[PDB]
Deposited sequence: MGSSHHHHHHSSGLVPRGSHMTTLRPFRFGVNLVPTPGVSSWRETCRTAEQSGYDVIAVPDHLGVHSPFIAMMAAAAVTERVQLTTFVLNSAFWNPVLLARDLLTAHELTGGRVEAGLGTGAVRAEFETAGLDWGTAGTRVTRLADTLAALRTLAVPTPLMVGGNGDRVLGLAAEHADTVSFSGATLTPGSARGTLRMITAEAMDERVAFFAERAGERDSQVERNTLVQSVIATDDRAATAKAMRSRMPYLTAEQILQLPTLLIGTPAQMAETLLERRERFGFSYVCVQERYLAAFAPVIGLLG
């Protein structure tokens, strides 16, 4: 599948730069602006509308909604509105919800891993029954979550890191091979209809990728330098090397929809120049 590139921006209360940041994202060649769903961050659909008003080409996506925060019927209303009032520029990523303290602040039951996945399941089923027109993305590496992506999603988002639900450990390329294979088995005949996404956490420009990886072992002692150079959540090297790495990872994992974090927007833009 042809590459699509996204940048995960954080619309921040009290910071007046949102419109400017969105314009920079488009001008730098990104295809998607992604926004998160967290307390203390601007509300995602409202921020996406503000982004749509200053950009003409990018898609806008949630990355990802906390399913506990949304009534499915009211979310379907929001998704139909965002679709119609942007001319079809909105996609919605959904997840189970990550931060317990946020559930508690909003007066919501954290429950169990099982109840949080069931909530996602119930929302996806409802959104499909209501025939929402926004493309749907499902993010997470859990068996049940990837099963839900295989059943319901237009895009599956694989996480390149694990964390205790309640900082982040990066997962090896070999564990990623297994997660993509798991997804593919669950998707069956629908596998080829689902776009595969991943979020790159760090984009490290360097003329010595090998020396960089060796130094980064201190942040990741459970891995060798060779493993670090294959981690899907890291891009290390020159832009040409990063482009070749992304080509190799599209072949290995199927990752064609690659997002980076806001802090790396300019660092990664040369790679868009080479790949497009």
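- Missing C-alpha coordinates mark the following deposited-sequence intervals, in order: 1 to 24, 191 to 194.
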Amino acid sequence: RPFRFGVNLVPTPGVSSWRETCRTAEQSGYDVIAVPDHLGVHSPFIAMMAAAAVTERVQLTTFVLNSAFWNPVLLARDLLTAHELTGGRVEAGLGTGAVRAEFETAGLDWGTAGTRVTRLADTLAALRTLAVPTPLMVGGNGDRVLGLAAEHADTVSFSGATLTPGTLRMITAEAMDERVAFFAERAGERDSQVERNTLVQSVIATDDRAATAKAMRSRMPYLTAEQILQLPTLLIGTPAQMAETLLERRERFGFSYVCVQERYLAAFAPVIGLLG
From here on, numbers count along this sequence of modelled residues.
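- Comparing 253 to 261 with 14 to 22, the stretch with the higher mean C-alpha B-factor in the PDB entry is 14 to 22.
- Looking at mean Cα B-factors across 99 to 107 and 156 to 164, the upper value is held by 156 to 164.
- Residue set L235, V41, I33, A213: peak C-alpha B-factor at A213 (per PDB entry).
- The PDB entry assigns its highest CA temperature factor, among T81, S192, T123, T198, to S192.
- Sort the chain's modelled residues by C-alpha temperature factor and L146 lands in the lowest third, per the entry.
- Ranked within its chain, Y222 lands in the highest third, by CA B factor from the PDB record.
- Ranked by Cα temperature factor within the chain, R179 sits in the lowest third according to the deposited record.
- In this PDB entry, the Cα temperature factor of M170 sits in the top third of its chain's modelled residues, the highest group.
- Placement of the Cα temperature factor of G87 within the chain: highest third of the modelled residues, per the deposited record.
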